[PDB]
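Structure file target.txt (compact mmCIF, C-alpha atoms and all ligand atoms) follows.
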# COMPACT_ATOMS: atom_id res chain seq x y z
CA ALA A 2 164.36 -117.32 -156.06
CA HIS A 3 163.05 -118.00 -152.55
CA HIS A 4 165.33 -120.24 -150.50
CA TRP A 5 163.82 -123.39 -149.01
CA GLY A 6 162.64 -123.50 -145.42
CA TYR A 7 159.91 -124.90 -143.14
CA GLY A 8 157.26 -122.27 -143.73
CA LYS A 9 153.94 -122.39 -145.51
CA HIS A 10 155.33 -121.65 -148.96
CA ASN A 11 158.86 -123.01 -148.79
CA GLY A 12 158.54 -125.99 -146.45
CA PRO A 13 158.74 -129.79 -146.73
CA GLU A 14 155.56 -130.46 -148.77
CA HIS A 15 156.92 -128.08 -151.45
CA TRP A 16 160.59 -129.09 -151.54
CA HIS A 17 160.03 -131.43 -154.52
CA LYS A 18 159.29 -128.35 -156.67
CA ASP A 19 163.00 -127.47 -156.64
CA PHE A 20 164.58 -130.75 -155.44
CA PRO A 21 162.83 -133.54 -157.33
CA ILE A 22 164.86 -136.21 -155.46
CA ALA A 23 162.41 -135.48 -152.65
CA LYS A 24 160.24 -138.18 -154.34
CA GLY A 25 163.22 -140.60 -154.70
CA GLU A 26 163.70 -144.21 -153.75
CA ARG A 27 165.92 -143.68 -150.67
CA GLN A 28 164.40 -140.70 -148.80
CA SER A 29 164.51 -139.91 -145.08
CA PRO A 30 163.15 -139.81 -142.45
CA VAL A 31 160.96 -142.91 -142.23
CA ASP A 32 158.74 -144.63 -139.75
CA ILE A 33 160.56 -147.41 -137.92
CA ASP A 34 158.10 -150.23 -137.37
CA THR A 35 159.46 -152.40 -134.56
CA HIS A 36 157.50 -155.47 -135.64
CA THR A 37 159.10 -155.63 -139.08
CA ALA A 38 162.63 -154.28 -138.46
CA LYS A 39 164.92 -157.38 -138.56
CA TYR A 40 168.14 -158.27 -136.71
CA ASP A 41 171.11 -158.33 -139.10
CA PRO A 42 173.90 -160.65 -137.89
CA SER A 43 176.28 -159.09 -140.45
CA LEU A 44 176.45 -155.81 -138.49
CA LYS A 45 179.72 -155.33 -136.62
CA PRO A 46 179.94 -153.71 -133.18
CA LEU A 47 179.32 -149.95 -133.41
CA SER A 48 182.15 -147.70 -132.20
CA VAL A 49 181.30 -144.13 -131.15
CA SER A 50 184.71 -142.54 -130.41
CA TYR A 51 184.14 -139.02 -129.12
CA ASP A 52 186.77 -138.74 -126.36
CA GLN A 53 188.85 -136.21 -128.36
CA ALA A 54 186.13 -134.16 -130.00
CA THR A 55 186.95 -130.46 -130.53
CA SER A 56 183.89 -128.24 -130.85
CA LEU A 57 184.40 -124.80 -132.37
CA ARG A 58 181.26 -122.76 -132.96
CA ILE A 59 177.47 -122.73 -133.09
CA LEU A 60 175.57 -121.23 -136.02
CA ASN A 61 171.94 -120.36 -136.64
CA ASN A 62 171.67 -121.32 -140.35
CA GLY A 63 168.08 -120.12 -140.68
CA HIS A 64 166.82 -123.74 -140.50
CA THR A 65 168.24 -125.04 -137.22
CA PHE A 66 171.43 -124.47 -135.18
CA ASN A 67 174.59 -126.42 -136.03
CA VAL A 68 177.42 -127.07 -133.58
CA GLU A 69 180.54 -127.45 -135.73
CA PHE A 70 183.63 -129.56 -134.90
CA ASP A 71 187.21 -129.63 -136.10
CA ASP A 72 187.05 -132.58 -138.55
CA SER A 73 190.67 -132.44 -139.73
CA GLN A 74 191.73 -135.63 -137.93
CA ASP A 75 190.48 -139.16 -137.30
CA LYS A 76 189.65 -138.33 -133.71
CA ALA A 77 185.88 -137.86 -133.26
CA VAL A 78 184.70 -140.74 -135.44
CA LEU A 79 182.04 -143.34 -135.98
CA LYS A 80 183.10 -146.85 -137.13
CA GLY A 81 181.66 -150.38 -137.24
CA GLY A 82 177.99 -151.22 -137.31
CA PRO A 83 176.84 -150.95 -140.94
CA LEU A 84 179.80 -148.73 -141.89
CA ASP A 85 182.85 -149.57 -143.94
CA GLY A 86 185.77 -147.35 -143.00
CA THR A 87 185.92 -144.29 -140.79
CA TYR A 88 183.38 -141.43 -140.57
CA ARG A 89 184.43 -138.09 -139.01
CA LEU A 90 182.01 -136.02 -136.90
CA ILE A 91 181.53 -132.60 -138.55
CA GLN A 92 178.49 -131.15 -136.74
CA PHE A 93 175.33 -131.86 -134.80
CA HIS A 94 171.94 -130.14 -134.84
CA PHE A 95 168.34 -130.83 -133.78
CA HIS A 96 164.84 -130.92 -135.20
CA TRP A 97 161.94 -129.96 -132.90
CA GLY A 98 158.29 -129.01 -132.75
CA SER A 99 156.01 -126.11 -131.87
CA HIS A 100 154.91 -128.17 -128.84
CA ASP A 101 156.23 -131.23 -127.05
CA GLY A 102 153.92 -133.63 -128.93
CA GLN A 103 155.83 -133.44 -132.21
CA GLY A 104 159.31 -132.60 -133.41
CA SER A 105 161.21 -135.74 -134.24
CA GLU A 106 161.85 -136.69 -137.88
CA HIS A 107 161.94 -140.44 -137.55
CA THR A 108 158.97 -142.10 -135.82
CA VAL A 109 158.80 -145.42 -133.94
CA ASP A 110 155.57 -147.33 -134.58
CA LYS A 111 154.20 -143.93 -135.77
CA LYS A 112 155.04 -142.22 -132.45
CA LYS A 113 156.82 -138.89 -132.42
CA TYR A 114 159.26 -137.53 -129.87
CA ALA A 115 159.64 -133.87 -128.88
CA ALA A 116 162.91 -133.55 -130.79
CA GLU A 117 165.62 -135.44 -132.61
CA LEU A 118 169.38 -134.96 -132.50
CA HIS A 119 171.53 -135.62 -135.60
CA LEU A 120 175.28 -136.18 -135.27
CA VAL A 121 176.60 -135.84 -138.85
CA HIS A 122 179.68 -137.73 -140.06
CA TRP A 123 181.51 -138.08 -143.40
CA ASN A 124 183.49 -140.92 -144.92
CA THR A 125 187.25 -140.27 -144.95
CA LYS A 126 187.32 -142.25 -148.19
CA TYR A 127 186.44 -138.84 -149.68
CA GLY A 128 188.34 -135.62 -149.15
CA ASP A 129 185.84 -133.68 -147.05
CA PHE A 130 182.14 -133.36 -146.32
CA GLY A 131 181.37 -131.69 -149.66
CA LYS A 132 182.83 -134.56 -151.65
CA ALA A 133 181.29 -137.22 -149.38
CA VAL A 134 177.72 -135.90 -149.54
CA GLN A 135 177.70 -136.62 -153.27
CA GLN A 136 178.30 -140.35 -152.72
CA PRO A 137 175.90 -143.11 -151.64
CA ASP A 138 178.36 -144.25 -148.95
CA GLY A 139 179.40 -140.70 -148.13
CA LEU A 140 177.65 -139.86 -144.84
CA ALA A 141 176.57 -141.49 -141.59
CA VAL A 142 174.07 -139.72 -139.38
CA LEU A 143 173.58 -140.88 -135.80
CA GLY A 144 170.01 -140.02 -134.86
CA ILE A 145 168.93 -139.78 -131.22
CA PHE A 146 165.40 -139.14 -129.94
CA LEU A 147 164.67 -136.57 -127.18
CA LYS A 148 161.89 -137.48 -124.78
CA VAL A 149 160.42 -134.98 -122.31
CA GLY A 150 161.30 -135.77 -118.70
CA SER A 151 164.18 -134.77 -116.43
CA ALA A 152 166.61 -132.08 -117.58
CA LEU A 153 169.74 -133.32 -119.35
CA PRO A 154 172.90 -131.76 -117.89
CA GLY A 155 174.80 -132.52 -121.09
CA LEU A 156 172.44 -130.26 -123.01
CA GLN A 157 172.67 -127.24 -120.71
CA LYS A 158 175.68 -125.61 -122.40
CA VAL A 159 173.83 -125.68 -125.71
CA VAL A 160 170.62 -124.18 -124.45
CA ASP A 161 172.51 -121.49 -122.51
CA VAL A 162 174.09 -120.06 -125.72
CA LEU A 163 170.98 -119.99 -127.91
CA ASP A 164 169.86 -116.47 -126.93
CA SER A 165 173.09 -115.20 -128.52
CA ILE A 166 172.26 -116.67 -131.96
CA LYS A 167 168.57 -115.80 -132.25
CA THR A 168 168.44 -114.95 -135.97
CA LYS A 169 169.74 -116.40 -139.21
CA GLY A 170 173.47 -116.08 -139.75
CA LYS A 171 174.39 -115.38 -136.13
CA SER A 172 177.17 -117.51 -134.70
CA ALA A 173 179.14 -117.79 -131.48
CA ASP A 174 182.28 -119.52 -130.25
CA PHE A 175 181.31 -122.86 -128.72
CA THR A 176 184.31 -124.62 -127.26
CA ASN A 177 185.06 -127.58 -125.01
CA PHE A 178 181.65 -129.22 -125.61
CA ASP A 179 181.50 -132.97 -124.96
CA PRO A 180 179.00 -134.63 -127.38
CA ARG A 181 179.16 -137.83 -125.30
CA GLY A 182 176.82 -136.08 -122.89
CA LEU A 183 174.08 -136.28 -125.56
CA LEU A 184 174.29 -140.11 -125.92
CA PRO A 185 172.06 -142.64 -124.16
CA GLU A 186 173.55 -145.52 -122.23
CA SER A 187 172.55 -148.17 -124.81
CA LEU A 188 173.81 -148.00 -128.38
CA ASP A 189 171.24 -150.49 -129.72
CA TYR A 190 170.11 -149.09 -133.06
CA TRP A 191 168.16 -149.40 -136.29
CA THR A 192 169.88 -148.73 -139.63
CA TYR A 193 168.78 -148.16 -143.19
CA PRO A 194 170.08 -146.40 -146.35
CA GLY A 195 168.55 -142.95 -146.77
CA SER A 196 169.07 -139.29 -147.46
CA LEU A 197 169.61 -135.86 -146.02
CA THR A 198 166.34 -134.78 -144.41
CA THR A 199 166.71 -131.25 -145.80
CA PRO A 200 167.38 -129.99 -149.32
CA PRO A 201 169.22 -131.00 -151.34
CA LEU A 202 167.85 -134.36 -150.01
CA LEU A 203 170.76 -136.31 -151.53
CA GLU A 204 170.63 -140.10 -150.99
CA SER A 205 174.06 -140.26 -149.40
CA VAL A 206 173.31 -141.15 -145.75
CA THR A 207 173.61 -144.37 -143.79
CA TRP A 208 171.16 -143.73 -140.93
CA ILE A 209 171.91 -145.14 -137.50
CA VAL A 210 168.96 -144.35 -135.21
CA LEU A 211 169.42 -145.23 -131.56
CA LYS A 212 166.55 -147.05 -129.88
CA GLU A 213 167.01 -145.47 -126.43
CA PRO A 214 166.03 -141.77 -126.18
CA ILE A 215 167.79 -139.19 -124.08
CA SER A 216 165.64 -137.33 -121.57
CA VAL A 217 165.39 -133.52 -121.67
CA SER A 218 163.18 -131.14 -119.77
CA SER A 219 160.24 -129.25 -121.27
CA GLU A 220 162.03 -126.06 -120.24
CA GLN A 221 165.14 -127.03 -122.19
CA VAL A 222 163.18 -127.72 -125.38
CA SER A 223 161.26 -124.46 -124.99
CA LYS A 224 164.59 -122.65 -125.28
CA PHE A 225 164.99 -124.12 -128.77
CA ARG A 226 161.72 -122.43 -129.74
CA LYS A 227 163.04 -118.96 -128.88
CA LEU A 228 165.32 -119.07 -131.91
CA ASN A 229 164.06 -117.50 -135.15
CA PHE A 230 164.24 -118.63 -138.78
CA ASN A 231 164.39 -115.07 -140.05
CA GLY A 232 167.25 -112.64 -140.27
CA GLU A 233 167.34 -109.47 -138.22
CA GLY A 234 164.97 -106.83 -139.66
CA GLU A 235 162.60 -109.36 -141.26
CA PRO A 236 159.21 -110.35 -139.81
CA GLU A 237 159.64 -112.66 -136.85
CA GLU A 238 159.27 -116.37 -137.62
CA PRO A 239 159.84 -118.58 -134.56
CA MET A 240 162.14 -121.51 -135.30
CA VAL A 241 159.68 -124.37 -134.61
CA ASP A 242 158.54 -127.43 -136.60
CA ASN A 243 161.84 -127.69 -138.49
CA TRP A 244 161.19 -131.36 -139.22
CA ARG A 245 160.40 -133.27 -142.42
CA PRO A 246 157.38 -135.69 -142.45
CA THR A 247 158.28 -139.36 -142.70
CA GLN A 248 158.64 -140.67 -146.26
CA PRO A 249 157.79 -144.02 -147.87
CA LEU A 250 160.26 -146.82 -147.14
CA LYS A 251 159.77 -148.19 -150.70
CA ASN A 252 162.16 -151.03 -151.50
CA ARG A 253 164.29 -150.83 -148.35
CA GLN A 254 164.71 -152.88 -145.15
CA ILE A 255 165.30 -151.43 -141.70
CA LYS A 256 167.81 -153.60 -139.87
CA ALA A 257 168.28 -153.91 -136.10
CA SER A 258 171.66 -154.27 -134.34
CA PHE A 259 169.92 -156.27 -131.56
CA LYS A 260 168.23 -159.69 -131.52
ZN ZN A 301 168.28 -121.70 -151.88
ZN ZN A 302 154.29 -152.77 -136.53
ZN ZN A 303 169.79 -122.60 -146.20
ZN ZN A 304 169.00 -133.30 -139.30
Step by step, read the file and then write its structure as structure tokens.
Amino acid sequence: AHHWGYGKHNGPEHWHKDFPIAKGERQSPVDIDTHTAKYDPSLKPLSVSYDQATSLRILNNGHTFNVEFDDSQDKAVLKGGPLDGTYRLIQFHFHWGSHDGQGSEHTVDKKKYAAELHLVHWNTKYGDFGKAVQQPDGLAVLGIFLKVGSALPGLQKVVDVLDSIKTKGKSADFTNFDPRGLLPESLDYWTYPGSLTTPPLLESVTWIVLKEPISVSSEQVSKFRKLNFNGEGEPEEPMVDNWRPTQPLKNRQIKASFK
């Protein structure tokens, strides 16, 4: 029937009608309350190893845009922190708002940022992303907040290509992109067990949400909003507000990597 989305009839408040895990015990995103998040001395140092990352292409999937990487080798990986083993970078994408005052998925003390970046990784314990996403320890998503301020040079190559992938299904070559340019200086983070923030909402993600945002310009974020959810020849639906509301923490603890 109708595929899920972010619109009035197919968006987040309705996803449970087809994906009942939406009301599960380990759903994402959540509010991160800084007064109750607790330092966990058992966390090991976090290793973000992106020196050899090979980007390939950028795709408008009708929900967001994904920048895909070659994940055939243990090169662009995340290790340490809360993770056991090695997690390969497969793609990143963003969530953003119809205006700068909303857009992020996670919140910090109920505050929203203009957008949120997700760097998606899968556990090489499993054969590939499709096998990993079915497992509780399968995925690790590095979440980074975008705050409006000065323009980010590391984002400019992304925003420059978006007019070539305006509608669902369009893709373009996207090579030689350095995802380190989308990282803040500090890797202090919060972590908790959660889920994909889109259908099928599987509870297979270890979330690692960095405390320090990256700064982007209002003009850069506005370029995100010129994408469309629809395919060519369908009524125009601007790609905005492609975020899920925060969900109940339930019986989970958000841990901090910092004292
Ligand atoms: Zn569908
Ligand atoms: Zn609080
Ligand atoms: Zn889809
Ligand atoms: Zn995401």
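Among the candidate residues A:117, A:237, A:164, A:110, the one lying nearest to residue A:36 is A:110, with distances computed using all atoms listed in the file.
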- Quick one: residues within 12 Å of residue A:2, only C-alpha atoms counted, chain neighbours fewer than 2 positions away excluded, as a PyMOL selection string? chain A and resi 4-5+11+19
- Message: Around (170.5, -141.4, -147.8), as given in the file, which residues come within 8 Å? Count only C-alpha atoms and list them as an MDAnalysis selection string.
- Response: chainID A and resid 27:29 137 140 194:197 202:208
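Counting all atoms listed in the file, the residue from A:139, A:154, A:144, A:13 that sits nearest to ligand ZN 304 (chain A) is A:144.
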Please report, as JSON lines, each residue of chain A lying at most 9 Å from ligand ZN 303 (chain A), together with the nearest pair of atoms and the separation in Å rounded to one decimal; use only C-alpha atoms and all ligand atoms, and order rows by chain and ascending residue number.
{"residue": "A:4", "atom": "CA", "partner": "A:ZN303", "partner_atom": "ZN", "distance": 6.6}
{"residue": "A:5", "atom": "CA", "partner": "A:ZN303", "partner_atom": "ZN", "distance": 6.6}
{"residue": "A:6", "atom": "CA", "partner": "A:ZN303", "partner_atom": "ZN", "distance": 7.2}
{"residue": "A:62", "atom": "CA", "partner": "A:ZN303", "partner_atom": "ZN", "distance": 6.3}
{"residue": "A:63", "atom": "CA", "partner": "A:ZN303", "partner_atom": "ZN", "distance": 6.3}
{"residue": "A:64", "atom": "CA", "partner": "A:ZN303", "partner_atom": "ZN", "distance": 6.5}
{"residue": "A:200", "atom": "CA", "partner": "A:ZN303", "partner_atom": "ZN", "distance": 8.4}
- Any idea what's packed within 10 Å of residue A:68, counting all atoms listed in the file, ignoring anything in its chain fewer than 2 positions away? Could you give it as a VMD selection string? chain A and resid 56 to 61 66 70 91 to 95 120 159 172 to 176 178 180
- Query: Near stretch 213-217 of chain A, counting only C-alpha atoms, which residues have an atom at most 9 Å away, once you skip same-chain residues fewer than 3 positions from it, shown as a PyMOL selection string?
  - Reply: chain A and resi 114+145-154+156+183-190+220-222
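Minimum distance to ligand ZN 301 (chain A) across A:239, A:30, A:12, A:42 (counting all atoms listed in the file) occurs at A:12.
Atom CA of residue A:8 to atom CA of residue A:193 spans 28.3 Å [interatomic distance, one decimal].
When atom CA of residue A:122 is paired with atom CA of residue A:89, their separation reads 4.9 Å.
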Give me the chain A side of the contact with ligand ZN 302 (chain A), cut-off 12 Å, one line per residue showing its nearest atom pair and distance in Å at one decimal, counting only C-alpha atoms and all ligand atoms, sorted by chain and residue number, as JSON lines.
{"residue": "A:32", "atom": "CA", "partner": "A:ZN302", "partner_atom": "ZN", "distance": 9.8}
{"residue": "A:33", "atom": "CA", "partner": "A:ZN302", "partner_atom": "ZN", "distance": 8.4}
{"residue": "A:34", "atom": "CA", "partner": "A:ZN302", "partner_atom": "ZN", "distance": 4.7}
{"residue": "A:35", "atom": "CA", "partner": "A:ZN302", "partner_atom": "ZN", "distance": 5.5}
{"residue": "A:36", "atom": "CA", "partner": "A:ZN302", "partner_atom": "ZN", "distance": 4.3}
{"residue": "A:37", "atom": "CA", "partner": "A:ZN302", "partner_atom": "ZN", "distance": 6.1}
{"residue": "A:38", "atom": "CA", "partner": "A:ZN302", "partner_atom": "ZN", "distance": 8.7}
{"residue": "A:39", "atom": "CA", "partner": "A:ZN302", "partner_atom": "ZN", "distance": 11.8}
{"residue": "A:108", "atom": "CA", "partner": "A:ZN302", "partner_atom": "ZN", "distance": 11.7}
{"residue": "A:109", "atom": "CA", "partner": "A:ZN302", "partner_atom": "ZN", "distance": 9.0}
{"residue": "A:110", "atom": "CA", "partner": "A:ZN302", "partner_atom": "ZN", "distance": 5.9}
{"residue": "A:111", "atom": "CA", "partner": "A:ZN302", "partner_atom": "ZN", "distance": 8.9}
{"residue": "A:112", "atom": "CA", "partner": "A:ZN302", "partner_atom": "ZN", "distance": 11.3}
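You can rank A:168, A:124, A:74, A:199 by their closest distance to ligand ZN 304 (chain A) using only C-alpha atoms and all ligand atoms, and at the top of that list sits A:199.
Here atom CA of residue A:85 stands at a distance of 21.0 Å from atom CA of residue A:54.
With distances restricted to only C-alpha atoms and all ligand atoms, A:106 is the closest residue to ligand ZN 304 (chain A) from A:129, A:238, A:106, A:138.
The closest residue to ligand ZN 304 (chain A), picked from A:69, A:107, A:79, A:17 and counting all atoms listed in the file, is A:107.
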- Message: Here's a test: counting only C-alpha atoms, identify every protein, DNA and RNA residue with an atom at most 10 Å from (182.9, -144.9, -139.9) in the file's coordinate frame, and state them as a PyMOL selection string.
- Response: chain A and resi 47-50+75+78-90+122-126+139-141
Just need the box for stretch 21-30 of chain A, edges along x, y and z, holding every atom the file lists for it with 4 Å tacked onto each side, so centre and edge lengths in Å to one decimal, as lines of an AutoDock Vina configuration file.
center_x = 163.1
center_y = -138.9
center_z = -149.9
size_x = 13.7
size_y = 18.7
size_z = 22.9
